[PDB]
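These notes concern the structure reproduced below.
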Number of protein chains: 2
Amino acid sequence: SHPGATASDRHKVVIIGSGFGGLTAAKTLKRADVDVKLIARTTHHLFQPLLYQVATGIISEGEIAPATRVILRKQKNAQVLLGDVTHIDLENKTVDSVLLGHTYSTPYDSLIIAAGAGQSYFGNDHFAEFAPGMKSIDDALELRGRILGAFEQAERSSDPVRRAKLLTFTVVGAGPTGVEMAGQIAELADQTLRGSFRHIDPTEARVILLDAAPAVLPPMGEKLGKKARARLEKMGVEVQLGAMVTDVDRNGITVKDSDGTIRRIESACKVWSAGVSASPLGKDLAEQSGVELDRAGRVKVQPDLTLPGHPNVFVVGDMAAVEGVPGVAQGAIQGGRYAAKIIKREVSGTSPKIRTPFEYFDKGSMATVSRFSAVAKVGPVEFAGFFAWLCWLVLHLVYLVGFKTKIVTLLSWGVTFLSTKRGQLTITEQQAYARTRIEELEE
Amino acid sequence: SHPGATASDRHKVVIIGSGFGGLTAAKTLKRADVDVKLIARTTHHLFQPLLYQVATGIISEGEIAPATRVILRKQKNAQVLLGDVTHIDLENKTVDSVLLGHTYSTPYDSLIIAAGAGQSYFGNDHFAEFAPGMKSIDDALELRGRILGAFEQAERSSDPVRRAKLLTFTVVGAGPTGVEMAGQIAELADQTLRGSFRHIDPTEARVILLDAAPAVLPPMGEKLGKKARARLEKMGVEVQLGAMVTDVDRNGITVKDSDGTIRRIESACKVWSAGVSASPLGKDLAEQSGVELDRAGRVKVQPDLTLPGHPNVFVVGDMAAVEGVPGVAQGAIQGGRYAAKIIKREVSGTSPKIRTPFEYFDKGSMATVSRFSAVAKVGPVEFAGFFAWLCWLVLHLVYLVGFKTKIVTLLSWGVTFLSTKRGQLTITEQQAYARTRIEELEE
Ligand SMILES: Cc1cc2nc3c(=O)[nH]c(=O)nc-3n(C[C@H](O)[C@H](O)[C@H](O)COP(=O)(O)OP(=O)(O)OC[C@H]3O[C@@H](n4cnc5c(N)ncnc54)[C@H](O)[C@@H]3O)c2cc1C
Ligand SMILES: Cc1cc2nc3c(=O)[nH]c(=O)nc-3n(C[C@H](O)[C@H](O)[C@H](O)COP(=O)(O)OP(=O)(O)OC[C@H]3O[C@@H](n4cnc5c(N)ncnc54)[C@H](O)[C@@H]3O)c2cc1C
Ligand SMILES: O=C(CSc1nc(=O)c2ccccc2[nH]1)NC1CCCCC1
Ligand SMILES: O=C(CSc1nc(=O)c2ccccc2[nH]1)NC1CCCCC1
């Protein structure tokens, strides 16, 4: 019923989600002759690459989660809206969303859908009670809560087996996020806490990195994978590969490896970085358009990112199963910019008879292992180590919104890498447990 | 029951609370021939004076809330412990505390009880779900959530009555915390949000400051209070005085004026800051020592801050009632330092035969009204305005732990006072509502 947005007499663009793709399309429409609505679940534009830093106390929330209203402040075309999209209608041309129990059904003339993707438990979906996967500010603070709270519990225990259980951290998945987390948790336990405890030595903590994949960083090949693994192993991370999780609980994890030697890992704190799963909005799209979903539910968009039959509805970023395009920032940014350019060209009436296919311009990739250690690959060139870690820090630091935010980031890196001192090192029990306990109570 | 700490043959000092008093006693014992055990509900040392700034997005946690365990890193005889004190035994000489379902029974030879005092609802405790308190990082993040989320709900709402209800913020109590909160919420809606919204104008936000007291900042007297009120009214805050709350609900507040006429404030977001209420530990002391409690439950400690009949058990800081001594930082700091020096002498010998009474050396007070405006009083002088606000900023800034933290604070003040924008404007519905919904579900 309620449109939940300002009225319009121009071509109406509705953008779903406010991460990279959606925000890039919004910025790209800044002087197009269209009215833009941007509907997203959260006020902030989460700079997910650095999420492991706030998850490990290097950086604050406001360095990585700028308010979208401040970014689009001057863009008179664009109204930002809070809300969770409940449903999308391809025939009535409405987006149906909820906010604190109020329902809004915003009309559109074209869509950019950038709802993205998150981790996947491969159907063992109840594991989310015991092993969160970050990918949001809430989940990153929940992880920071657990990873410090384990040491705080570990001092107050006469039981050595309980201490061993608390001081063993398990990271599942050897994708970029898993190597990042196992790296920072190992640094945190080795160097930041080194003198701050008196019943235990945090340097005796174990960090275990589990994946069923045969190699670390599958998309970067054998050389960079082996070098990253050797760096993690030199840091003392126990890298276990070819081990598939069979069960997860509050006390530990059971894994079965390729030889079938079922075993258990006792481990209080567990991080689930593995897999991918697209936004459920793909289901409503599949039902209305008949578009295919791949495994993990990504929409098999047409060569112009449209749905079959409903042109000028675009799916972009990690929600789209574009052929060969990796699930990385520059893919969302290019997809959103492409869709935006299409809409601008059509509204101005300069549309060609056929839209040229989307071409992903591959601008390379990078992953951090730890302080002074990253890996990179640019076309035929592969490099690793300090020069890489510099080329990562510089690349991300270029993107952070606002000059102050960059400066305070650079100060926080300065101290955290040159000295054994994290900022932001505050647990709150509310944030460490609210999600799991409310899940336990919502019955 | 478990001794939740390492044993020792030394004289054993237990300290309760990471706040000013207890941490100052801990730091004061750095060379005493005692082993110190500091039990606190949370890891951080919460610098509450600035808590309104994080509650209004100027600054982050971990800048305001250093980890106590890191502050004492070098103090080889002091062991920090996480936990909530459940009970204290004056005859068995144990402190009994719980952490995540485990229970501990730490013995003490001397005790520094320095747990805080919070707000009070004067027995209308069923207000707490509708008017959150303050005095924790979680309360500050909750208020930041409900504040910005009111504007977020306000843009989508079609009904003018509902927009008016959402855009009216009510602050209860005109102590320092109330004047701070009404000030920042008014300036934030007048400046930081100005023009960031298109269905609404944030400069139409209505901020109401309620107290039943007859004057603003009553402990500074009329000459400062009238100037502070005139500054609040010049910013357009509606100061209402002599109005006592009769009921509070999710939609508004009903108040009775001093004329006895009854009237209602329709207001979505409510901040509670009136009154004071000591932490319940005073009750167990009152039942064991028989010490009197004031109307706020504060312990009427003896002239040496001891409990009657239990020497070298000290109640100190805001939990302690001492005549004249106000509930402010320097009082907790001076008390804790006094009690620590008593312990140090008694253990080292060459103590006087009778302890000299505690004398509060009054080092003045001051309160912020808003940007470029504060009120102060030092003995006979009563300076106010920009020169005050500078004194405020420089004073507090002196205390923040670690030089980096000061620098990044000063940068955040720089940007947010010289320009409209704010750094930490990040919120989540978990942060805004987790306690509300879990309490609604814990029955
Ligand atoms: C820990 C981590 C580290 C990463 N590091 C890197 C890296 O270093 N480099 C890299 O290239 N990629 C990295 N990625 C992946 C990268 O973030 C994604 O490939 C890409 O950013 C996808 O973003 P997007 O633009 O598709 O939207 P996303 O940023 O994924 O989010 C889409 C938006 O939609 C919103 N939304 C979700 N559901 C709804 C709904 N129902 N209704 C409305 N709005 C909704 C979300 O809140 C969000 O604002 C990382 C991912 C993670 C989890
Ligand atoms: C909103 C606000 C504004 C303020 N403004 C000013 C100001 O302008 N100027 C000024 O000088 N002072 C100000 N203060 C300081 C405050 O008013 C007190 O005067 C002062 O902080 C006293 O603190 P404390 O040292 O007694 O311990 P607190 O900091 O009050 O807390 C004691 C410690 O005990 C812990 N604790 C609590 N319960 C338990 C338990 N059951 N078991 C174990 N540990 C427990 C708490 O977590 C905390 O770490 C302000 C405080 C607040 C909340
Ligand atoms: O190969 C690359 C990686 S592009 C990239 N990465 C991101 O994390 C990112 C995050 C948000 C938005 C855009 C992003 N784009 N950069 C080259 C220079 C450095 C060495 C390798 C070659
Ligand atoms: O009036 C004062 C206020 S003292 C003070 N305030 C705090 O907030 C505080 C917080 C934590 C620890 C100690 C603190 N101590 N100081 C005089 C000099 C400046 C001009 C006025 C007179």
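Some notes on this structure:
- Put simply, of A:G327, A:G336, A:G275 the only residue that is assigned to a helix (DSSP H, G or I), within 24 Å of A:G364 (Cα to Cα) and either away from chain B (no Cβ under 14 Å) or within 16 Å of ligand 3 (Cβ to nearest atom) (or both) is A:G336.
- Which numbered condition B:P219 misses (of (1) more than 29 Å from B:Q153 (Cα to Cα); (2) touching a helix residue (DSSP H, G or I) at 6+ places or on another chain (Cβ under 8 Å)): (2)
- Residues of segment A:132-143 that are out of contact with any strand residue (DSSP E or B) (no Cβ under 8 Å at 6 or more places or on another chain) and at the interface with another protein chain (Cβ under 10 Å from one of its Cβ atoms): A:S136, A:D138, A:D139, A:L141, A:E142.
- Counted residues, segment A:278-295 - those being surrounded by 17 or more Cβ atoms within 10 Å (Cβ to Cβ) and either within 16 Å of ligand 3 (Cβ to nearest atom) or at positive phi (or both): 0
- Of the helices (runs of 4 or more DSSP H) that lie entirely inside segment B:159-235, those containing 1 or more residues that are in contact with a strand residue (DSSP E or B) (Cβ under 7 Å, 6 or more places away or on another chain) and over 22 Å from B:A388 (Cα atoms) span B:160-166.
- Considering residues of segment B:161-171 that are surrounded by fewer than 23 Cβ atoms within 10 Å (Cβ to Cβ) and under 16 Å from B:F197 (Cα atoms) only, the residue nearest to the other protein chains (Cβ to nearest Cβ): B:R163
- The number of residues in segment B:363-395 being assigned to a strand (DSSP E or B) and among the basic types (K, R) comes to 1.
- The residue of segment A:123-141 that is nearest to ligand 4 (Cβ to nearest atom), among those that are closer than 17 Å to A:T43 by Cβ and of a type in the set (A, V, I, L, M), is A:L141.
- Matching residues, segment A:1-28, being within 11 Å of another protein chain (Cβ to nearest Cβ) and away from ligand 1 (no atom under 16 Å from the Cβ): A:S1, A:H2, A:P3, A:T6, A:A7
- Qualifying positions in segment B:202-240 - crowded, with 20+ Cβ neighbours inside 10 Å and at positive phi: B:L217
Yes/no per residue for (1) out of contact with any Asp or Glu (no Cβ under 7 Å at 6 or more places or on another chain); (2) within 16 Å of ligand 2 (Cβ to nearest atom); (3) under 21 Å from A:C391 (Cβ atoms); (4) of a type in the set (D, E, K, R):
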{"residue": "A:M319", "(1), (2), (3), (4)": "yes, no, no, no"}
{"residue": "A:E323", "(1), (2), (3), (4)": "yes, no, no, yes"}
{"residue": "A:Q330", "(1), (2), (3), (4)": "yes, no, yes, no"}
{"residue": "A:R355", "(1), (2), (3), (4)": "no, no, no, yes"}
{"residue": "A:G364", "(1), (2), (3), (4)": "yes, no, yes, no"}
{"residue": "A:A367", "(1), (2), (3), (4)": "yes, no, yes, no"}
{"residue": "A:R371", "(1), (2), (3), (4)": "no, no, yes, yes"}
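- Restricted to segment B:49-77, and to residues there that are surrounded by 24 or more Cβ atoms within 10 Å (Cβ to Cβ) and among the small types (G, A, S), the residue that is nearest to B:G4 (Cα to Cα) is B:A67.
- The helices (runs of 4 or more DSSP H) falling completely within segment A:40-131 that include 3 or more residues that are out of contact with any strand residue (DSSP E or B) (no Cβ under 7 Å at 6 or more places or on another chain) and within 16 Å of ligand 3 (Cβ to nearest atom) map to A:51-54.
- Selected residue (criterion: surrounded by the fewest Cβ atoms within 10 Å (Cβ to Cβ)) from residues of segment B:29-48 that are within 11 Å of chain A (Cβ to nearest Cβ) and more than 16 Å from ligand 4 (Cβ to nearest atom): B:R41
- Given (1) more than 10 Å from chain B (Cβ to nearest Cβ); (2) in contact (Cβ under 8 Å) with a residue 40 or more places away in the chain; (3) within 29 Å of A:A329 (Cβ to Cβ), number of the condition A:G423 does not satisfy: (1)
- Within segment A:339-351, being part of a helix (DSSP H, G or I) and more than 20 Å from A:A117 (Cα to Cα) holds for A:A340, A:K341, A:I342, A:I343, A:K344, A:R345, A:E346, A:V347.
- Matching residues, segment A:426-443, being more than 8 Å from chain B (Cβ to nearest Cβ) and crowded, with 20+ Cβ neighbours inside 10 Å: A:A432
- Residue in segment B:252-263 that is crowded, with 18+ Cβ neighbours inside 10 Å and not in a strand (DSSP E or B) present: no
- Check on A:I354, facing chain B (nearest Cβ under 10 Å) and more than 16 Å from ligand 1 (Cβ to nearest atom): no
- Answer residue from segment A:1-28, given it is assigned to a strand (DSSP E or B) and surrounded by fewer than 24 Cβ atoms within 10 Å (Cβ to Cβ) and is farthest from ligand 2 (Cβ to nearest atom) among those: A:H11
- Qualifying residue in segment B:299-320 (condition: within 16 Å of ligand 4 (Cβ to nearest atom), hydroxyl-bearing (S, T, Y) and more than 23 Å from B:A274 (Cβ to Cβ)): no
- Within segment B:301-317, if we keep just the residues that are aliphatic (A, V, I, L, M) and more than 12 Å from ligand 2 (Cβ to nearest atom), the residue that is nearest to the other protein chains (Cβ to nearest Cβ) turns out to be B:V313.
- Any hit, segment A:340-357, residues being more than 30 Å from A:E63 (Cα to Cα), surrounded by 21 or more Cβ atoms within 10 Å (Cβ to Cβ) and without any contact (Cβ under 8 Å) to a residue 60 or more places away in the chain: yes
- Residues in segment B:396-420 that are in a helix (DSSP H, G or I), facing chain A (nearest Cβ under 8 Å) and touching a residue at least 24 places away in the same chain (Cβ under 8 Å): 3 in all.
- Scanning segment B:180-218 for residues that are among the β-branched types (V, I, T) and either in contact (Cβ under 8 Å) with a residue 40 or more places away in the chain or within 14 Å of another protein chain (Cβ to nearest Cβ) (or both) returns B:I185, B:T192, B:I200, B:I208, B:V216.
Computed from the coordinates by the stated procedures, all read-outs in this text should not be read as laboratory data. No Cβ is skipped: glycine too gets one built from the backbone with ideal geometry, and neighbour counts run over all protein chains shown.
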